Amino acid sequence: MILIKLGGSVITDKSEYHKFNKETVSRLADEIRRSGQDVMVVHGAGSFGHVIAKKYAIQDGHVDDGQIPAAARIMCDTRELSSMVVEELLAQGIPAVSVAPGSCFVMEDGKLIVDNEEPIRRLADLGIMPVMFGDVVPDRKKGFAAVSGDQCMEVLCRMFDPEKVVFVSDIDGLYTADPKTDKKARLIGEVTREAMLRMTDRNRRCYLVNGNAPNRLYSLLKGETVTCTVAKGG
Amino acid sequence: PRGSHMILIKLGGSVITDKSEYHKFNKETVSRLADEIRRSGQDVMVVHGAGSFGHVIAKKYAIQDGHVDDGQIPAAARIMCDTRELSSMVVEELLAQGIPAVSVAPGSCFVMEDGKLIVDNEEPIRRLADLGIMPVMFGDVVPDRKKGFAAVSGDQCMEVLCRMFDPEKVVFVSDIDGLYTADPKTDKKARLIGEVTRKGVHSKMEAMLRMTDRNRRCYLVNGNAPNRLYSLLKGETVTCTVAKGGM
Ligand SMILES: Nc1ncnc2c1ncn2[C@@H]1O[C@H](COP(=O)(O)OP(=O)(O)O)[C@@H](O)[C@H]1O
Ligand SMILES: Nc1ncnc2c1ncn2[C@@H]1O[C@H](COP(=O)(O)OP(=O)(O)O)[C@@H](O)[C@H]1O
Ligand SMILES: CCCC/C(C)=C/COP(=O)(O)OP(=O)(O)O
Ligand SMILES: CCCC/C(C)=C/COP(=O)(O)O
């Protein structure tokens with residue numbers, strides 16, 4: 001099994017609120033289907049969550065009552081975005097269903113707690129891929145807290161033990177600095193010296209590939225070599 | 001428990017969707033129903049059905065029969081996507097009326113067993129309601145502990161939330177003035193049952209009293225009639241079917 005995260009940087013326009021990149025997700029879902037590999041797809045929120053959370057300081061928790069309608073607005077936006085991603089997967093013959101973390105799990109000390117793993121495992125047993133995503137989750141100490149797609153990878157990595165982990169973003173890989181502001185940073189090949197090291201072991205290798213490059217995710221899922229950042233270690 | 005003055009409402013699929021055409025959302029009804037809910041000012045928790053967003057495909061692929069062949073797996077995932085997309089449109093109407101709510105799909109967090117919806121983890125639903133974000137459940141394809149997948153109903157989703165929060169009132173919004181002795185669209189001779197107390201109209205009368213006691217009552221009001229849902233929530237008496245007494 002290969003755990004993939006369709007990051008918000010490719011599936012959405014992180015600078016334009018509520019903007020869905022339909023042609024990108026449609027191509028990425030087609031590349032996943034053409035690879036023929038058993039996968040579990042996660043995706044981020046992008047502008048379907050980050051734009052409103054920053055305006056209302058959702059990352060700070062339940063500060064005042066003015067954040068309650070904004071938190072529900074983000075929750076509705078993330079669930080709406082997941083429907084569009086699932087629609088692209090269903091059109092490519094990939095049964096999947098949206099699993100909102102804010103509707104089934106809780107958060108505490110910055111971690112997503114999965115007290116009941118049965119329905120998620122039963123969904124994967126039916127061939128209907130459970131699709132978690134970045135969302136606002138009820139917090140046990142801060143009222144509510146935001147979970148990212150990265151932690152959803154960490155939770156699903158320890159639960160299903162995938163053979164490979166893939167992070168899909170709008171960058172060819174990890175650089176020494178921001179490649180959009182610093183145009184001198186080099187592409188870092190290996191990683192042994194982010195959180196890609198917490199989901200790798202003896203054989204599991206984490207990858208960071210550019211979803212904006214066509215057929216790059218397809219070749220990476222097929223075992224061929226592509227431009228990316230590979231992580232290894234314990 | 002906590003919701004001492006809560007009113008439990010079902011926006012049935014016959015009034016929020018057009019069950020004659022697949023994947024059709026009644027925009028003006030849900031917008032009017034949500035506005036009627038807001039104008040009442042009562043603390044409420046909304047559940048809705050699937051209607052044409054689930055019944056059309058479930059009948060064609062026999063989802064009620066369970067996982068018999070692999071051909072129903074893409075059909076089940078399509079129903080789950082349709083019910084989630086419909087729940088977004090309902091929540092989108094509640095957010096416009098100033099009522100913070102979030103979709104809580106049962107098929108993505110719960111399991112079923114021989115027709116019974118199992119809710120082992122009550123923390124997320126209880127935490128959302130306490131925060132002010134109304135958890136919204138609905139009919140959906142739910143993984144079954146024996147039959148692969150099963151179909152949960154909006155009526156069944158209310159039975160879980162009624163025993164979870166112990167609400168003060170229960171309202172069932174449908175496309176009918178109330179419970180009749182027969183089908184009102186077929187039997188032009190059937191009469192309306194005003195009060196349901198002591199005795200498939202037998203199973204329908206028995207289902208309403210299961211969510212009633214000495215104080216809490218169950219109502220079956222018409223959602224296609226404007227201002228009818230708003231009048232009941234404030235305490236006015238309208239054309240409906242009330243269940244009182246409990247069991
Ligand atoms: N050292 C770095 N290497 C690569 N990208 C970086 C680096 N530092 C900052 N970035 C920025 O982070 C962005 C990718 O992260 P992000 O878009 O948040 O991931 P996600 O796909 O989860 O949205 C890139 O657009 C890039 O501009
Ligand atoms: N005894 C009865 N009394 C009232 N309506 C009935 C009866 N038997 C069948 N019906 C039919 O059931 C329909 C509503 O049921 P349904 O749409 O399943 O409820 P909901 O959509 O709220 O789940 C009505 O259109 C009505 O014609
Ligand atoms: C305080 C954040 C609130 C917004 C939110 C739910 C974000 C999801 O996290 P995430 O998956 O990393 O988004 P993205 O990096 O893929 O765009
Ligand atoms: C899961 C299969 C689809 C049928 C369904 C959702 C029935 C329950 O909806 P409803 O009767 O409107 O409450």
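Residue numbering restarts at 1 for every chain, and letters A, B, ... go by the order of the sequence lines. Values below: every heavy atom of this structure, side chains too, minus hydrogens, waters and symmetry copies.
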Atom group of [X] that falls short of 4.5 Å from chain B, counting heavy atoms:
X      : value
A:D139 : backbone
A:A96  : backbone
A:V97  : side chain
A:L126 : both

Inspect the surroundings of [atom1] in [X] and state if more than 12 heavy atoms from other residues, nucleotides or ligands are less than 6.0 Å away.
X      : atom1 : answer
B:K24  : NZ    : no
A:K222 : NZ    : yes
A:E224 : CD    : yes
A:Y207 : OH    : yes
A:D65  : CG    : no
A:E163 : CD    : no
B:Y22  : OH    : yes
A:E117 : CD    : yes

At their closest point, which heavy atom of [X] faces which heavy atom of [Y], and how far apart are they?
X      : Y      : result
B:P124 : A:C104 : CG-O, 3.2 Å
A:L123 : B:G107 : CD1-O, 3.7 Å
A:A71  : B:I133 : CB-CD1, 4.3 Å

Would you say [X] and [Y] make side-chain contact, with heavy atoms under 4.5 Å?
X      : Y      : answer
A:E80  : B:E92  : yes
B:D120 : A:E118 : yes
B:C81  : A:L90  : yes

Next item on the list: Could you tell me whether a side-chain N or O of A:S103 sits under 3.5 Å from a main-chain N or O of B:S103, the two making a donor and an acceptor?
Entry: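 Answer holds: yes.
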
Notebook entry, point to check: Where on B:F110 is there a heavy atom nearer than 4.5 Å to chain A: the side chain, the backbone, both, or neither?
Noted result: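 Contact with chain A involves the backbone of B:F110 alone.
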
Next item on the list: Name the option with the most non-hydrogen atom pairs under 4.5 Å to chain B; the candidates are A:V137, A:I120, A:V99.
Entry: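 Ranked by heavy-atom pairs under 4.5 Å with chain B, first place is A:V99.
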
